[PDB]
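Single-structure report; data block below.
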Amino acid sequence: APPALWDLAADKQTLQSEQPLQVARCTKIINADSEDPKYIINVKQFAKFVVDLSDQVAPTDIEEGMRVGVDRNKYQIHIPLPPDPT
Amino acid sequence: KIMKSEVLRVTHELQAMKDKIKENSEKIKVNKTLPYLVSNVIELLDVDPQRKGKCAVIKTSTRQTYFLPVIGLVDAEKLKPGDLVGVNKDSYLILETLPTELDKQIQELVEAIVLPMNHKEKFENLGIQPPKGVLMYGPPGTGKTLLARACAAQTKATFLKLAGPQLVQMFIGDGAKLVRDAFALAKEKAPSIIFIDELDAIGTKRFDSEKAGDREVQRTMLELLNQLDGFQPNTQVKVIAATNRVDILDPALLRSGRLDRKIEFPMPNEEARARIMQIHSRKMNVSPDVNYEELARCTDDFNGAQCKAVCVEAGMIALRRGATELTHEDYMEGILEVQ
Amino acid sequence: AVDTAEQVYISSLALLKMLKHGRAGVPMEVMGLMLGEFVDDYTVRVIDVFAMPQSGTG
């Protein structure tokens, strides 16, 4: 409770900050790239997806088989992520 | 010219059509922007008794089967049982189908792949089909694996690796999957170059048909010969094979689409070893003392990989020899070093 | 800072247009626009209701 006191009082801005960063589509990984607009992606549920690249992520930062964040509403890639086992 | 005065109204209707197609032709970009998932397509012809019969069987990635007829735009390479097609949220229509997945020989390799694509004019002027299968056979020592793969890299076209253990899988039925897959990348994708090796070891025709895996490799291999002898339009990516021995040669390889240009490469004598080894040493620092006589004579029963290892061993002691250029006796030193 | 008791008047026009629009209500997201006239503060009346062409964005 003492640790939850300062953060509980600092939880007010979490409502105004809850609208962004909500993108979470199970972190589906891509397979390859035949053309630059359209990218083939494969989710862990054995469902292959295809979507165009967003304007917030540069095309040169995309790696073959890289786990990156992707929207579940606009289906676009909002922000990537660097990733740890023993 | 009073009768030809009505053409102006026709041209006004045509330019009015070109002026009015911008909207319904413009909504194609916002309606058919991107298929968000991938669904497999299996062709199945239906009959309605216009009222014509035409349909197809669909299979989504989430293991859900739906119903939809053959629809979309003008189709030329479509209607095949492939994957990676266009699909909307729930309409499940087909809009965009996309495929899912050096010196002594420069004449026969480069010609046999360029003439079936560039010399179509002489093909129509003469009515002659080009040879398809080339067999770089003969005794070992030439280095057909590393030299044929290096020349396939010198073709400047796409190269796809395919070897013996690549097609042979632990399970059954996968051989035809990798044959239709090599025809997916090669036949479906851009024209690529595929070089296989050691075809004689898998072309064994035994008499006792009770235990022989090489006859299942003759089921996949002779299935490829079924997809070459049975499929007349072989103008696309060819099948380049090579063998290291003439012990057991498949007699059913006598066809224009099959291995026809069987070029015999004999034992690598001083001339042939000077050729393939002049290729292997056409760029490195060669001192003006390598007569190639003793070192080209000592290379007996040594393939291009073992001869490349001899070149590496020559590249090993020359650091401590003091000379920055490779000498004559270092080749035979590598020969007597490996064996 | 003031609030009243508003009530939306619904005639058969908007109702039937929402019934035909519901019959043509494909799973794709659809768009529509309602019209009317503002006579006072706490009442609203709708008369004209039409549909909008669908789009891939929704």
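Chain B is numbered as in Swiss-Prot, which gives 53-101, 116-167, 191-428 for the residues shown.
Per the header: electron microscopy, 8.8 Å.
A Cβ is built for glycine as well, from the same backbone N, Cα and C atoms used for every other residue.
Per Swiss-Prot, these features apply:
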BINDING   B:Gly227, B:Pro228, B:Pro229, B:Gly230, B:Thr231, B:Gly232, B:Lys233, B:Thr234  ATP binding site
MOD_RES   B:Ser376  phosphoserine
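For B:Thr234 (ATP binding site) paired with B:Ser376 (phosphoserine), the C-alpha to C-alpha distance reads 27 Å. If you take the Cα of B:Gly232 (ATP binding site) and the Cα of B:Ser376 (phosphoserine), they are about 24 angstrom apart, rounded to a whole number. According to its DSSP assignment, B:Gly232 (ATP binding site) is coil. On its own chain, B:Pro229 (ATP binding site) has B:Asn333, B:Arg334, B:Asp390, B:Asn392 as residues at least 6 apart in sequence with a Cβ closer than 8 Å to its own Cβ.
Listed in chain order, the residues near the ATP site other than B:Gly227, B:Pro228, B:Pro229, B:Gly230, B:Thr231, B:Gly232, B:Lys233, B:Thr234 are B:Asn333, B:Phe354, B:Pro357, B:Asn392, B:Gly393, each with its Cβ within 8 Å of the site Cβ centroid. The CA atom of B:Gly227 (ATP binding site) is located 32 Å away from the CA atom of the residue listed as 'phosphoserine'.
Of all the recorded positions listed here (B:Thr231, B:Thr234, B:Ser376), it is B:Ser376 whose C-beta has the fewest other C-beta atoms within 10 angstroms. Shown are the binding-site residues B:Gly227, B:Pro228, B:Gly232; of these, the residue with the fewest other Cβ atoms within 10 Å is B:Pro228. On a Cα basis, B:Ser376 (phosphoserine) lies 27 Å away from B:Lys233 (ATP binding site). Long-range Cβ contacts of B:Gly230 (ATP binding site) within its own chain (separation 6+, distance under 8 Å): B:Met356, B:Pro357, B:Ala361, B:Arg362, B:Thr388, B:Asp389, B:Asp390, B:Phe391, B:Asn392, B:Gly393, B:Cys396.
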